[PDB]
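Peer 1: Below is a structure I'd like to ask you about.
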Ligand code: HEM
Ligand code: HEM
Ligand SMILES: CCCCCCCCCC
Ligand SMILES: CCCCCCCCCC
Ligand SMILES: CCCCCCCCCC
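Numbering (UniProt numbering), first residue to last: 207 to 412.
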């Protein structure tokens, strides 16, 4: 109840601040994209779709970081771990993945609604544009990864199905790079993360 919550907040204030920053940064990129498209005379569907898209870039930058296992294991042993629990890296990964799935659904729905406002048939917008085709494929990949990563499957005896489907992350990243064609800079964060992971693996290697 109330007493437990006060205790929790006091003991995890850095973690809470981290998450509040995560929320704030999502809101900033979302609203920034909304304001941009709105100033161009875009309808509300476009504004929402673009807002989701901007936050999808942001979360796409973050999703892999907690899964750089040697880097997280190194970090767990630094004084950073006295402030924020690096053991919860997987819980942050899961959170970023759920947020992204919600945003992907909204982005998809908003783009579908925007397709109805065009003097072009729906099927030509969805299966006759680069963005439609790549987006649909990216959506399917993501649905497959998301469904199989849920605990009833992943922890309920179908770990192998989860694990093989999750190797789709490679395909996910390829498609995202093909789908969001102008702004590829988001991937610099994981690229840097991956270089740190390689350096750490090298240092520990024989
Ligand atoms: C059928 C499903 C989808 C459709 C119809 C769709 C449609 C679009 C369209 C029309 C754009 C603008 C492309 C451009 O400016 O050249 C776009 C951009 C983007 N989409 Fe999708 N998309 C879909 C699924 C997804 C999924 C599943 C994700 C992420 C997991 C995603 C992430 C993005 C991102 C990051 C951008 C670039 C930022 C932006 O302009 O909003 N999309 N999408
Ligand atoms: C686009 C979305 C996602 C990407 C790109 C992604 C990527 C990854 C990667 C690269 C790994 C490490 C794989 C390895 O061990 O070799 C991983 C592990 C994991 N991911 Fe995701 N992931 C996504 C979404 C999700 C979602 C939505 C969930 C859960 C709701 C999730 C749960 C996990 C879990 C639990 C692991 C750890 C498996 C284990 O160590 O037992 N992921 N993810
Ligand atoms: C403003 C948003 C802050 C989110 C913190 C929630 C912490 C829940 C830990 C279980
Ligand atoms: C979730 C949004 C539903 C999209 C409606 C589009 C109907 C297209 C058929 C012409
Ligand atoms: C009006 C014809 C629309 C056909 C498009 C099929 C959309 C598949 C949604 C998953």
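In this text, a Cβ means the ideal position worked out from N, Cα and C, and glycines have one as well.
Is residue 220 near residue 289, with beta carbons less than 8 Å apart?
Peer 2: On the chain shown, residue 220 is found 14 positions in, with the first residue counted as 1. On the chain shown, residue 289 is found 83 positions in, with the first residue counted as 1. With respect to the 8 Å criterion, residue 220 and residue 289 are classified as neighbours on the basis of their beta carbons.
Peer 1: Is residue 360 near ligand 2 - that is, is its Cβ less than 7 Å away from at least one heavy atom of it?
Peer 2: In the chain shown, the residue the question calls residue 360 occupies position 154. Yes, the beta carbon of residue 360 sits closer than 7 Å to at least one heavy atom of ligand 2.
Peer 1: Quick check: what's the CA-CA separation for residue 353 versus residue 315?
Peer 2: Position 147 of the chain shown, counted from the first residue, corresponds to residue 353. Position 109 of the chain shown, counted from the first residue, corresponds to residue 315. Distance between the alpha carbons of residue 353 and residue 315: 19 Å.
Peer 1: Within 10 angstroms of its Cβ, does residue 295 collect 16 or more other Cβ (buried), or is it exposed?
Peer 2: Your numbering for residue 295 matches position 89 in the chain shown. Looking at its Cβ environment, which holds 16 or more other Cβ atoms inside 10 Å, residue 295 is buried.
Peer 1: Can you give the Cα-Cα distance for residue 362 and residue 344, rounded to whole angstroms?
Peer 2: As a first step, residue 362 must be located in the chain shown, where it is residue number 156. As a first step, residue 344 must be located in the chain shown, where it is residue number 138. Spanning the two alpha carbons is a distance of roughly 26 Å.
Peer 1: Does ligand 3 have a heavy atom nearer than 7 Å to the CB of residue 264?
Peer 2: For this step, residue 264 is matched to residue 58 along the chain shown. Checking the Cβ of residue 264 against ligand 3 gives no.
Peer 1: May I ask whether a heavy atom of ligand 3 can be found less than 7 Å away from the beta carbon of residue 301?
Peer 2: On the chain shown, position 95 is the one that residue 301 refers to. No; taking the cut-off as 7 Å, the Cβ of residue 301 has no heavy atom of ligand 3 nearer than that.
Peer 1: I need the straight-line Cα distance from residue 326 to residue 333, nearest angstrom please.
Peer 2: Counted from its first residue, the chain shown places residue 326 at position 120. Counted from its first residue, the chain shown places residue 333 at position 127. Distance between the alpha carbons of residue 326 and residue 333: 12 Å.
Peer 1: What residues in its chain sit with their C-beta under 6 Å from that of residue 276, if we drop five residues either side in the sequence?
Peer 2: Walking along the chain shown from the start, residue 276 turns up at place 70. Setting aside the 5 residues that flank it on each side, residue 276 is surrounded in the same chain by 403, 406 and 407, each with a C-beta closer than 6 Å to its C-beta; the list follows chain order.
Peer 1: Checking 8 Å against the spacing of the C-beta atoms, do residue 263 and residue 386 come in under that value?
Peer 2: Position 57 of the chain shown, counted from the start, is the residue given in the question as residue 263. Position 180 of the chain shown, counted from the start, is the residue given in the question as residue 386. Yes, these two residues count as a Cβ contact at 8 Å.
Peer 1: Confirm, please, whether the CB-CB distance from residue 358 to residue 270 is below 8 Å.
Peer 2: Against the chain shown, residue 270 aligns to sequence position 64. Against the chain shown, residue 358 aligns to sequence position 152. Cβ atoms of residue 270 and residue 358: not closer than 8 Å.
Peer 1: Any chance the CB of residue 225 is under 7 Å from a heavy atom of ligand 3?
Peer 2: Counted from its first residue, the chain shown places residue 225 at position 19. Checking every heavy atom of ligand 3 against the Cβ of residue 225, one is found closer than 7 Å.
Peer 1: May I have the straight-line CA-CA distance separating residue 297 from residue 241, to the nearest angstrom?
Peer 2: Locating residue 297 in the chain shown gives position 91, counting from the first residue. Locating residue 241 in the chain shown gives position 35, counting from the first residue. Approximately 32 Å, taken between the alpha carbons.
Peer 1: For residue 214, verify whether its CB is less than 7 Å away from any heavy atom of ligand 2.
Peer 2: Numbered from 1 along the chain shown, position 8 holds the residue referred to as residue 214. Flag unset: Cβ of residue 214 not near ligand 2.
Peer 1: Within 7 Å: the Cβ of residue 247 and any heavy atom of ligand 4?
Peer 2: As a first step, residue 247 must be located in the chain shown, where it is residue number 41. For ligand 4, not one heavy atom lies less than 7 Å from the Cβ of residue 247.
Peer 1: Exposed or buried, which one is residue 266 when buried takes at least 16 other CB atoms within 10 Å?
Peer 2: To locate residue 266, count along the chain shown from 1; it is residue 60. Its Cβ being crowded by 16 or more others within 10 Å, residue 266 is buried.
Peer 1: Report buried or exposed for residue 282, applying the criterion of at least 16 other Cβ atoms within 10 angstroms of its Cβ.
Peer 2: The residue labelled residue 282 in the question sits at position 76 within the chain shown. Exposed: under 16 other Cβ atoms inside 10 Å.
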